[PDB]
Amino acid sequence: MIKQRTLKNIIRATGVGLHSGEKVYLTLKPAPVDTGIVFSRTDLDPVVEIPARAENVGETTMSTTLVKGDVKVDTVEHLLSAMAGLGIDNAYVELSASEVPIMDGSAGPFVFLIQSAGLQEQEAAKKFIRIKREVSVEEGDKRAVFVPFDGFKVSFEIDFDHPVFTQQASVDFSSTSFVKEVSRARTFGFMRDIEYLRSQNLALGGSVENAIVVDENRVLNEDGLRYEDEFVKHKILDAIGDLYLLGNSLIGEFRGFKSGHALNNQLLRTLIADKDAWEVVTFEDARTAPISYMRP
């Protein structure tokens, strides 16, 4: 059968919060069957824990935020994308501060730290959410859709009127490596936006070392892009992180059109509410299942 996965070993990492500019110590820990992903602010006494579930998502600010009262964890989407891409079901994420470290601006450093630890299969069937019906959310010119699909696929389109800006990509993850083709795609920022955010005490940890910095015309990063389509690949990365707040891996297709965290969360809420549009399924036989995972 397809089995739940956690970490084999604890992972420790250091970085800076994109927005906070705060040094943050990150620990990923193995967790029991049916824990899901749980974030933990260990700088607090008592320690405050927020399950990485759509119901805990906060005011859809600059990034995906988990809240519980007046406690938050900022910018969870790149880490959850790394955990989604590798099929991790159960894990404790401990943070010394309010924001997940940005690292290089991609999921690459997290996927590497996790695959360095290795994964442990657990004695329990992995539960999948299978899309049975199309679920569509729109707001203005933005659109986010689930389509039934025997597998896992993410299609994305962006549309910037900007000299730097392939603005479309589709990845079937059963035939294309999240690790190689998506995970290294970095966050990006326009200089006019970054100058505004800085003026408002935001982007305090931003640098060419953790973001593609774009002025009116070109990428300012001396070493350029990792992919010709890095921008729309990063959109796909962020969508994979947000999808993982369902708390179960998806069997279906996601289509984004200029979508972002706020509409992505409207789509998760609408899917969860419409119980006719999905079912929980397990696979007693991995060989006939529409998705596959790497060796642990």
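Throughout, rigid core stands for the largest set of C-alpha atoms superposing within 1.5 Å between the two forms. Just count from 1 along the sequence shown to find any residue number.
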RMS over structures and residues, CA atoms, rigid core fit in 4 other deposited structures of this protein: 55-63 vs 247-255, larger is 55-63
Between 198-206 and 118-126, the one drifting more in C-alpha RMS in 4 other deposited structures of this protein once the core is aligned is 198-206
Neighbours in the displayed sequence, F165 and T166 may still hide a gap; how many deposited residues lack coordinates there, none, 1 to 3, 4 to 9, or 10 or more? 1 to 3
Quick one: higher average CA temperature factor, 244-252 or 34-42? 34-42
If you average the CA temperature factors as listed in the entry, which stretch comes out higher, 123-131 or 183-191? 123-131
Per the entry's Cα B factor values, which of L26, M62, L66, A239 stands out as the maximum? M62
Looking at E99, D89, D104, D159, which has the highest Cα B-factor in the entry? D159
Binned into thirds over the chain's modelled residues, the C-alpha B-factor of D150 lands in the middle
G140: C-alpha B-factor third of its chain, per the entry, is the highest
When the modelled residues of the chain are sorted by Cα temperature factor, does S20 land in the lowest, middle or highest third? lowest
Assert third(CA B-factor, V281) within chain per record equals middle
Could you look up the Cα B-factor of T75 in the entry and say which third of the chain it sits in: lowest, middle or highest? lowest
